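Below is one structure; the comments refer to it alone.
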Amino acid sequence: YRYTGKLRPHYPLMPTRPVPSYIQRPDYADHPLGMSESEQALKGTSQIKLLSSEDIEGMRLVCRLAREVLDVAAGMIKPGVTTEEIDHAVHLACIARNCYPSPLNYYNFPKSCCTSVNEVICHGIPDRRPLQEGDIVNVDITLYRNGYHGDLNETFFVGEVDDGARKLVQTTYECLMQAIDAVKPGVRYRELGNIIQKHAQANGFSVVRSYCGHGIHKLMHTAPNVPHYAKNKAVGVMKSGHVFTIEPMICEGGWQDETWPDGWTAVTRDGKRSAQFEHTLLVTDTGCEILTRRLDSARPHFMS
Ligand code: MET
Ligand SMILES: [Co+2]
Ligand SMILES: [Co+2]
Ligand SMILES: [K+]
């Protein structure tokens, strides 16, 4: 395998961490290949759940806990800390909140969160590599509580970063917030990518095509599929009670991705950097509720 950049995985990984049986587990947690039968039973449907009020309450709670856990991770970002160390803390913080770390054994993913450094677009696997000054690192947190998933990520700076990094990260965050601002009953899901690419392209960056935002509630990944690039063919119109993520991945160079031999880590083909932000959003009668927002501080961690 020919690496596309300077990043390498750092093995061995620690044995997978167990989750106490008193925490409720998603279906895939105990499937030998991590398959989610509940997801597969809806494969290829474009029909979108309209959430009940109980469902809404379950999403508010899990998404709020998910944010608390991301914040724990943000507090640990510094040169010298390994991504495994961050994952171990995430793992414990999930459990302290009586939640299952949704990534754990999802299609056999080995860890409890994704840590994506520099050229890693998404789904990097926490490992023995210490963060280095000048790195940018995304932590993606997904929690499962009382039958609901909640999902968010942010890109963080490690010590001081270059101007390229700041611009990349700032623009990615703007892309996300500009898409969120357009969310309300009656908007086509396909529109969000027109907004995202327009801003990304205006800043010289590209938009990853192989990974999309998604519905999330009782299932971790479900309808709608939500592309972040322009003139996509996404099916559906937003309605009050829809819940889904927006999670744009933007790249300094080209948009093309490939996957490491590990089956997960997605990297730019050109080895240039990529950044990402994500929220889970509830479409209301008039706009949208950002379920995974910070409740206590105005800005994302990188601006603080
Ligand atoms: C290894 S599963 C990680 C999934 C990620 N949290 C997402 O938003 O799709
Ligand atoms: Co996510
Ligand atoms: Co997501
Ligand atoms: K990255």
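Values below: every heavy atom of this structure, side chains too, minus hydrogens, waters and symmetry copies. Each residue takes its place number in the sequence, starting with 1.
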Open item on the list: Could you check whether atom CZ of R293 has more than 12 heavy atoms from other residues, nucleotides or ligands sitting under 6.0 Å from it?
Closed with: yes
- [ ] Could you label the plane-to-plane angle of the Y106 and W264 rings as parallel, tilted or perpendicular, counting under 30° as parallel and over 60° as perpendicular?
- [x] tilted
Task: Presence of salt bridge, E84 and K111, under 4.0 angstrom - done: yes
TODO: Answer with yes or no whether the hydrophobic clustering places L51 together with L143; edges join I, L, V, M, F, W, Y residues whose side-chain heavy atoms lie under 4.5 Å apart.
DONE: yes
- [ ] Can you measure from CD1 (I216) to OG1 (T142) and round to the nearest 0.5 angstrom?
- [x] 6.0 Å
TODO: Using only heavy-atom distances, determine whether the side chains of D257 and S210 contain a donor-acceptor pair under 3.5 Å.
DONE: yes
- [ ] Indicate yes or no for a side-chain donor-acceptor contact from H214 to the backbone of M220 under 3.5 Å, with no hydrogens or angles considered.
- [x] yes
Task: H221 and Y107: side chain donor to acceptor below 3.5 Å - done: no
TODO: Output all residues satisfying side-chain hydrogen bond (donor to acceptor under 3.5 Å, both in side chains) with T280, sequence neighbours left out; order by chain, then residue number.
DONE: none
Task: Under 3.5 Å side-chain donor-acceptor pair for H31 and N105 - done: no
Open item on the list: Quiz question: by atom type and distance under 3.5 Å, do the side chains of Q40 and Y28 form a donor-acceptor pair?
Closed with: no
- [ ] Can you establish whether the number of heavy atoms outside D163 located under 6.0 Å from its atom CG is more than 12?
- [x] no
Task: Atom CZ of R8: over 12 foreign heavy atoms under 6.0 Å - done: yes
- [ ] Say whether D181 and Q178, considering side chains only, have a donor N or O and an acceptor N or O under 3.5 Å apart.
- [x] no
Open item on the list: Are there over 12 heavy-atom neighbours, none belonging to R166, within less than 6.0 Å of that residue's CZ?
Closed with: yes
- [ ] Mind telling me whether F277 and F302 have parallel, tilted or perpendicular rings, with 30° and 60° as the class edges?
- [x] tilted
Open item on the list: Ring of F205, cation from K167 - is the NZ or CZ under 6.0 Å from the centre and inside 45° of the axis?
Closed with: yes
- [ ] Taking atom CD of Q47 as the centre, report whether more than 12 heavy atoms of other residues, nucleotides or ligands fall under 6.0 Å from it.
- [x] no
Task: Expected output: side-chain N118 to main-chain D135 donor-acceptor under 3.5 Å - done: no
Open item on the list: Looking at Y144, I'd like to know if the NZ or CZ of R25 sits under 6.0 Å from its six-membered ring centre while staying within 45 degrees of the ring's axis.
Closed with: no
Open item on the list: Grouping I, L, V, M, F, W and Y whenever their side-chain heavy atoms are under 4.5 Å apart, do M303 and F156 come out in a common cluster?
Closed with: no
- [ ] Decide if atom NZ of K184 counts as having more than 12 heavy atoms of other residues, nucleotides or ligands within a radius under 6.0 Å.
- [x] no
TODO: Please check if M238 and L291 belong to a single hydrophobic cluster, counting links between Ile, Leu, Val, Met, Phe, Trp and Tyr side chain heavy atoms closer than 4.5 Å.
DONE: no
- [ ] Quick one: name the residues clustered hydrophobically with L219, using the 4.5 Å side-chain heavy-atom rule over I, L, V, M, F, W, Y, and just say none if it's on its own.
- [x] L42
- [ ] Verify the cluster assignment for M177 and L295: are they in a single hydrophobic cluster under the rule of side-chain heavy atoms below 4.5 Å apart?
- [x] no
Open item on the list: For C212, run the side chain to side chain contact (heavy atoms under 4.5 Å, CB included) check against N232, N225, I246 and tell me which one passes.
Closed with: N225
